[PDB]
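Novice: Encoded as structure tokens, here's the structure I'll be asking about.
The numbers here are math on the coordinates, done by the rules we state, and not lab data. Here Cβ is always computed from backbone atoms with ideal geometry, including for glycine, and neighbour counts include all displayed protein chains.
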Number of protein chains: 2
Amino acid sequence: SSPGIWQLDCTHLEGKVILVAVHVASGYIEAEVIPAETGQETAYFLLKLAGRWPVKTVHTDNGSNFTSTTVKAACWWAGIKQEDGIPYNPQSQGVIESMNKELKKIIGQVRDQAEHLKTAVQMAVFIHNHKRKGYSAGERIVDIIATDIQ
Amino acid sequence: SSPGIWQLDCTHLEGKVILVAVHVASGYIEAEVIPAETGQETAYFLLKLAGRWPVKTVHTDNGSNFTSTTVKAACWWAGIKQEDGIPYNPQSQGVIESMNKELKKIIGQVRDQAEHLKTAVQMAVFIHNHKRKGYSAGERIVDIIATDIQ
Ligand SMILES: O=C(O)CC[C@@H]1COc2c(ccc(/C=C3\c4ccccc4C[C@@H]3O)c2C(=O)O)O1
Ligand SMILES: O=C(O)CC[C@@H]1COc2c(ccc(/C=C3\c4ccccc4C[C@@H]3O)c2C(=O)O)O1
């Protein structure tokens, strides 16, 4: 349902993979650094996400993760409708690509404050979700989900 | 504030450390498997948590994490009031110990479905946060925070 729809997004930095889930209706994200995007990594990430937020539907980031039996197993396990990420709405791509740009910008802005990329990525998550644009993504996801629960 | 209060909790399984943050007012948790509880691990965990939920106050799980300059640095970074976890209210201990028991029980119930402990721990997180007792911890945290935002 709109409150339960998430989009996977994979971006690259420093020869490494940043896996992002975006809560579509709010722009709230969770993200992780992984060595490579595998079915297993994506599956584990989805499990973590769905344990933390009511994930009804995941638009996978690519066909490999859509196809991956490990990813399907995690979606099955976590009660997630695994969908493709075909941007039937073309604005989806631009929104995602812009977020990736923004996230990389923030990572660069914090990069020196931490030895490791994964720390910088979580700093970026924090900054992204708290950023007032004046509600934050964090406030929006909670509000959206709360309204839905009620 | 009651919606922003979290409690760190560290428990052990299979020669490994499960670090748990409990949202006190709701019972919602996030958790991770780490090799050992270090200041660095705790700091990184807190950063992740605070990027994801509005963490105003963290009651640390022990004095080492309370003392840790790395943990203080993360709390500073993430805007978290780092507090002790002294159970001035004695019911806190029993609540925490019971949750640890429950979490271990769930981990045991899923342990065979996954090769790795960390997967089983995230399964347990999922099960704990979705469990209806009939609202779930997941529903409660969102509601609490939503009410507060309003
Ligand atoms: O073992 C794992 O899971 C990863 C452990 C990570 C390792 O990276 C780090 C870590 C813990 C700390 C740091 C350093 C800082 C840090 C960490 C969190 C919040 C603010 C700050 C400010 C300060 O710079 C780093 C790092 O320097 O990147 O814990
Ligand atoms: O490397 C990292 O950061 C994450 C690594 C994780 C850890 O191991 C795993 C993994 C990915 C998958 C699994 C297996 C399963 C799994 C995982 C999630 C949800 C349901 C299931 C059902 C199925 O059993 C395991 C595992 O067997 O535990 O990737």
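Novice: Do you know which residues across the stretch A:102-150 are within 16 Å of ligand 2 (Cβ to nearest atom), of a type in the set (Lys, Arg) and out of contact with any strand residue (DSSP E or B) (no Cβ under 7 Å at 6 or more places or on another chain)?
Specialist: none
Novice: Any residue at all in the stretch B:85-106 that is among the acidic types (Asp, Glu), within 14 Å of chain A (Cβ to nearest Cβ) and part of a helix (DSSP H, G or I)? Give the steps one after another, and end with the answer.
Specialist: At the first step, the residues of the stretch B:85-106 found to be among the acidic types (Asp, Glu) are B:97, B:102.
Then keep just the ones that are within 14 Å of chain A (Cβ to nearest Cβ); that gives none.
No: zero hits.
Novice: Same structure, new question: Among A:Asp112, A:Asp148, A:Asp143, which is of a type outside the set (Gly, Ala, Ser), buried (at least 17 other Cβ atoms within 10 Å of the Cβ) and part of a helix (DSSP H, G or I)?
Specialist: A:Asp143
Novice: Right, next: Take the residues of the stretch B:74-83 that are surrounded by 16 or more Cβ atoms within 10 Å (Cβ to Cβ) and within 14 Å of chain A (Cβ to nearest Cβ): which is farthest from A:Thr119 (Cα to Cα)? Spell out the reasoning first.
Specialist: Step one: list which residues in the stretch B:74-83 are surrounded by 16 or more Cβ atoms within 10 Å (Cβ to Cβ), which gives B:74-75, B:77-78, B:80, B:82.
From the residues that got through so far, the ones that are within 14 Å of chain A (Cβ to nearest Cβ) too are B:74-75, B:77-78, B:80.
Values: B:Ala74: 10, B:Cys75: 14, B:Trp77: 12, B:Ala78: 12, B:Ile80: 17 Å.
For the stretch B:74-83, the residue satisfying everything is B:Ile80.
Novice: I would also like to ask the following. Looking only at the stretch B:11-32, how many residues end up being within 15 Å of ligand 2 (Cβ to nearest atom) and surrounded by 19 or more Cβ atoms within 10 Å (Cβ to Cβ)? Outline the logic, then answer.
Specialist: Keep residues of the stretch B:11-32 that are within 15 Å of ligand 2 (Cβ to nearest atom), which gives B:13-14, B:16, B:18, B:31-32.
Subsequent filtering for residues that are surrounded by 19 or more Cβ atoms within 10 Å (Cβ to Cβ) retains B:18, B:31-32.
Qualifying residue count for the region: 3.
Novice: Could I ask something else about it? Return yes when B:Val58 is touching a strand residue (DSSP E or B) at 6+ places or on another chain (Cβ under 8 Å), more than 9 Å from chain A (Cβ to nearest Cβ), more than 16 Å from ligand 2 (Cβ to nearest atom) and under 14 Å from B:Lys118 (Cβ atoms) and no when it is not.
Specialist: On the way: touching a strand residue (DSSP E or B) at 6+ places or on another chain (Cβ under 8 Å): yes; more than 9 Å from chain A (Cβ to nearest Cβ): yes; more than 16 Å from ligand 2 (Cβ to nearest atom): yes; under 14 Å from B:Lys118 (Cβ atoms): no.
Judged against the criteria, B:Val58 is not a match.
Novice: Please pick out the residue among B:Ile145, B:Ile141 that is under 17 Å from B:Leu8 (Cβ atoms), aliphatic (A, V, I, L, M) and facing another protein chain (nearest Cβ under 9 Å). Quick ask: steps written out before the conclusion?
Specialist: Numbers: B:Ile145 fails: under 17 Å from B:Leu8 (Cβ atoms).
Selected residue: B:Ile141, the only one of B:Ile145, B:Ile141 that is under 17 Å from B:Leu8 (Cβ atoms), aliphatic (A, V, I, L, M) and facing another protein chain (nearest Cβ under 9 Å).
Novice: If you don't mind, another one. One residue is enough: does the stretch A:54-69 have a residue meeting the conditions outside any loop (DSSP other than H, G, I, E, B) and within 16 Å of ligand 1 (Cβ to nearest atom)?
Specialist: no
Novice: Of all residues being touching a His at 6+ places or on another chain (Cβ under 8 Å) and within 13 Å of A:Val20 (Cα to Cα) in the stretch A:100-124, which is farthest from ligand 1 (Cβ to nearest atom)? Just the residue, please.
Specialist: It comes out as A:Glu102.
Novice: Considering only residues of the stretch B:21-46 that are of a type in the set (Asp, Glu) and either in a strand (DSSP E or B) or farther than 20 Å from B:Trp76 by Cα (or both), which is farthest from the other protein chains (Cβ to nearest Cβ)?
Specialist: Filtering the stretch B:21-46 for residues of a type in the set (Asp, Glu) gives B:30, B:32, B:37, B:41.
Imposing the further condition that a residue be either in a strand (DSSP E or B) or farther than 20 Å from B:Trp76 by Cα (or both) reduces the set to B:30, B:32.
Details: B:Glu30: 6, B:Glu32: 9 Å.
Among those residues, the one meeting the criterion is B:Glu32.
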